[PDB]
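What follows is the residue order along each chain.
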Amino acid sequence: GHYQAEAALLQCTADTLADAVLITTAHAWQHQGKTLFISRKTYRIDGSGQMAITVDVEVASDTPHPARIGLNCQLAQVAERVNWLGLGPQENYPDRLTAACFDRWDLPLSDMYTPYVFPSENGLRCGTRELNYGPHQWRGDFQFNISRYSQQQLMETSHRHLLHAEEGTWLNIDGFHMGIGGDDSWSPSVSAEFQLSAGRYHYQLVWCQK
Amino acid sequence: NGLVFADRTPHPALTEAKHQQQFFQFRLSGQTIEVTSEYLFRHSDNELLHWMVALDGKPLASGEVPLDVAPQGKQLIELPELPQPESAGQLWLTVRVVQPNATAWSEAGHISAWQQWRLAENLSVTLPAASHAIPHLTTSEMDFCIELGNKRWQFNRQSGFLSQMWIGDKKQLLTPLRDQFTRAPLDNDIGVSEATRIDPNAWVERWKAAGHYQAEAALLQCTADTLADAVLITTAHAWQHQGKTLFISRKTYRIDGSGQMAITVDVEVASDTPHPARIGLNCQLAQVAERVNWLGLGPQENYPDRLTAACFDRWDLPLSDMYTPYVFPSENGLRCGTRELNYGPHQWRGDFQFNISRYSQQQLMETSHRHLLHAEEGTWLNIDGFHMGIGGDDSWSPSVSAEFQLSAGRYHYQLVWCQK
Ligand code: NA
Ligand code: NA
Ligand code: NA
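Per the deposited record, the coordinates in this entry were obtained by X-ray crystallography to a resolution of 2.05 Å.

Enquirer: Looking at this structure, I do not really get the overall build of chain A. What am I missing?
Expert: A tally of regular secondary structure across chain A gives one helix and 11 strands. Taken from the N to the C terminus, the helices and strands of chain A come in the order β-β-β-β-β-β-β-β-β-α-β-β. Computed over C-alpha atoms, the radius of gyration of chain A comes to 18 Å, within 12% of the 17 Å expected from 2.2 N^0.38 for 210 residues, which places it in the range of a compact globule. Burial statistics for chain A: of 210 residues in total, 42% are counted as buried. Put simply, of all contacts in chain A between residues at least 6 apart along the chain, 58% involve residues at least 24 apart. Within the structure as shown, chain A displays about 10900 Å² of accessible surface, and the carbon and sulfur contribution to it stands at 53%.

Enquirer: Could you clarify how one ought to interpret the domain arrangement of chain B in this entry?
Expert: A common measure of how large an interface is: the accessible area buried when the components associate. All names here are of chain B. Split by domain assignment, chain B resolves into domain 1 (22–127) and domain 2 (128–420). For domain 1 and domain 2, the distance between their C-alpha centres works out to 35 Å. Facing eight residues of domain 1, the contacting portion of domain 2 comprises eight residues. Here domain 1 packs against domain 2, burying approximately 750 Å² in sum over the two surfaces, 58% of which is carbon and sulfur.

Enquirer: Is there a simple way to think about the side chain of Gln22 of chain B in this case?
Expert: Residue and element names in this part refer to chain B. Within the secondary structure, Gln22 is located in the loop between α1 (13–20) and β1 (24–29). For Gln22, a relative accessible area of 4% translates into the label buried. A distance of 2.6 Å separates a polar atom in the side chain of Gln22 from a polar atom in the side chain of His19. In this structure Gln22 touches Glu38, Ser112, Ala113 and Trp114, once residues within four positions along its chain are discounted.

Enquirer: I keep staring at the interface of chain B and chain A and nothing clicks. Help me out?
Expert: Tallying the contact residues gives 20 residues for chain B and 24 residues for chain A. For the pair chain B and chain A, the summed buried surface comes to about 1600 Å²; carbon and sulfur atoms form 50% of the total. By the criterion of area lost to chain A, the three top residues of chain B are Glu121, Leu123 and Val125 of chain B, representing 33% of everything that side buries. Note that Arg410 of chain B and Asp141 of chain A form a salt bridge whose closest N and O atoms lie 3.3 Å from each other.

Enquirer: Got a minute to help me understand the coordination of the sodium ion (ligand 3) in this structure?
Expert: The expected angle between donors at a tetrahedral four-coordinate metal is 109.5 degrees. At an octahedral six-coordinate metal it is 90 or 180 degrees. Residues and elements named next belong to chain B. In this structure, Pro329 (O), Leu364 (O) and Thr367 (O) serve as the protein donors to the sodium ion (ligand 3), at separations of 2.4 to 2.9 Å. Along the chain, the residues donating to the sodium ion (ligand 3) fall in the pattern P-x34-L-x2-T. Since its relative accessible area comes to 12%, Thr367 is described here as buried.

Quick notes on the rules
Residues numbered from 1 in each chain as written, not as in the entry; some residues may be left out. Chains lettered and ligands numbered in written order. Part of a larger assembly, values for the part shown. Heavy atoms only, no water. Helix = DSSP H or I, 4+ residues; strand = E, 2+ residues; numbered from the N terminus. Rg over C-alpha atoms; globule rule 2.2 N^0.38 Å. Buried < 20%, exposed > 50% of the residue type's maximum accessible area, 1.4 Å probe, protein only. Contact = heavy atoms within 4.5 Å. Areas by Shrake-Rupley, 256 points an atom, 1.4 Å probe, with all protein chains shown as cover. Domains from an automatic or database assignment. Buried area = accessible area lost by both parts, 1.4 Å probe. Polar contact = N/O pair within 3.5 Å; in protein donor to acceptor, adjacent residues only side chain to side chain. Salt bridge = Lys/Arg side-chain N within 4 Å of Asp/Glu carboxyl O. Donors = N, O, S within 2.8 Å, 3.2 Å for Na, K, Ca; no water.

Here it is, written out as structure tokens:
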């Protein structure tokens, strides 16, 4: 039920602090009575404009290990360049990143999409500490991909030429992302060390305007 | 260098050896347990399999099946339909091979083999009924204090640490709750290094040279905030040696109306400092209690690279059984994969490793022989989010495998401290 599980709100509170507003949330993703995931978050918005997002996820030990643990959203902005401090310049995944180098990379948005003839998840960059897109900056220690194509359109479309740019920009920021595998392509080939099997996961992000 | 002490009392390592050298191998597929014999000549004619399913330590179902396996052969055992759990949590299957009859070498009832698997887990979604009580923050120049009934929490604003806790008029701490990144070095940490002939490559010497044992905590931040139903303390410390920042620890402490203190810890480890022996907290508790009760791996001492023999269950031992009397004293008695710990009035919950004893890490590292150790006032508690492997491939060069070194750079753990 991973693709169809719906978020159920458990808690959503706000507190005013000395120099910040704290939003605390908790969600459960359920499928036919079974709780697959729990997400607990705090968002701390301080007097300097920065929003600190803290995320703690629980994954049911008996559910198949998830493909990723992260956030996504469709940004209204369509910008020309993507600038990041992380691994690159090319697409890299946790079990395929040795060739990537850590540095300051700046590419046109189109290079952040890999035109695989059969469309899929693509264009991830790992080990990223800073991401810049238009007025937005995200900081932390994350994997990201960024394109005009939603994960939904990608999984519903069977040929790259049938893809259409969506309004704005789809951003996927992952704390964790499963390996891609490839020892073969007819049986699961992602190695145990690259499967998201730890049960509890923590990542944190700072979102601000630069 | 023995698996047993000179008087033939076992070291903890002996049980790891016993488990790994088992003559029966197990796989689980759905309801089916597959048992494989590693005997070459004998049939399993003195063996029965005991199985037990427990929910976070509470027995749900159990049974017996006689083993009937040819040498190098296999046997399939179909578990019956299990009654579904009544509450949230993780179901665990434990199997044990038992010898019903005495032999020339063993007593009737001898356990020769065991194995555990996680079964269904049902995650807790139902929020606890919101307590009516609200804690109160008392702010002064030197302290943040939180009160709730007979309970009081004191945070020193000069140091940044929980320096004291009161239940009634009784102090609960002899030493402030502080981060700890070192251990009393094991024989494997030391190797052939000596005061008169330093081995710069040994773990203990890298830790010493980097200033791990002499690092001083510098307070970066200490703030307090009142929420609707809780008090929130935020701290940040930098551990430094000779102007070099080794570790940074950022914490929040959330105390609510139920008197539960939620501690969140986030640690940065400088990439060019030798990987630390542990990432945890420690304090000297005022209480000395008779029993230690925990839900986690046990019953014996187990470390991250030596815990395959340990089983997840509910364990209850006298305090003295939580100290391993190695003739050369070192870090000892750790239990890993622990979700709940109980000692006197205290309970800690989370996902941690711990040791608990009357000896500080400082005394263990300064004392060369076990008979020279003295019980200190109260009880020393080390609770680790992370602990380095112990190694042992040899004892004269670094031998902790890369996957058991604390090299991730950033670490997160979380604990809830409450009164039982
Ligand atoms: Na597709
Ligand atoms: Na038998
Ligand atoms: Na010692």
